[PDB]
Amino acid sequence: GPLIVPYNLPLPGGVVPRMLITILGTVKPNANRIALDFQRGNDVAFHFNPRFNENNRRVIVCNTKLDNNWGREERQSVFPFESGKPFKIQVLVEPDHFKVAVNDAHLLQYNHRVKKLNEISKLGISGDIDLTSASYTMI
């Protein structure tokens, strides 16, 4: 039913273009944050971080963490999440970027900074959600 957050989903042999990762959940009421962390060991290859109240604004912050240092942030002000509401996040790995759609609407893409895609072998899912489902498939 509801998975335990923080949740770790192993990605056997890392990611690869045409790999589709689907996260189903519901945002808690008065949520503060969501985070998806595609990890290469201790490094975070792709950090996807909806923030519900940063100086009274809603923003999605994306970044990469290498040897414990966060890089240059990429910010998107389109913010499809709402507290209390069910969502679907789809992360499709493409040759040059992660492509993210929420609720079947394209949201953003994030260019690969970590190059060893087949070593990005785990997805951490955390934040103020009830997590229903997390899975992957090759399309």
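A residue's number is simply how far along the shown sequence it sits, counting from 1.
I need to verify one thing: averaged over C-alpha atoms only, is the B-factor higher for 129-137 or for 1-9?
Here the higher of the two C-alpha B-factor means belongs to 1-9.
Can you let me know which of the two, 64-72 or 35-43, has the higher average C-alpha B-factor in the entry?
Result: 64-72.
Highest Cα B-factor in the deposition, which of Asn53, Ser83, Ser77, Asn111?
When the deposited C-alpha B-factors of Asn53, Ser83, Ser77, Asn111 are compared, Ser77 is largest.
Name the residue from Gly124, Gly14, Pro17, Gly25 with the greatest C-alpha temperature factor listed in the entry.
In the PDB entry, the greatest C-alpha B-factor among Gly124, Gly14, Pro17, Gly25 is found at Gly25.
Where does the C-alpha B-factor of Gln90 rank in its chain, lowest, middle or highest third?
It falls in the middle third of the chain.
Comparing against every modelled residue in the chain, figure out the third that the C-alpha B-factor of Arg58 lands in (lowest, middle or highest).
Middle third.
Hey, what third does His106 fall into on Cα B-factor, ranked over its chain?
As the PDB entry reports it, the C-alpha B-factor of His106 lands in the highest third of its chain.
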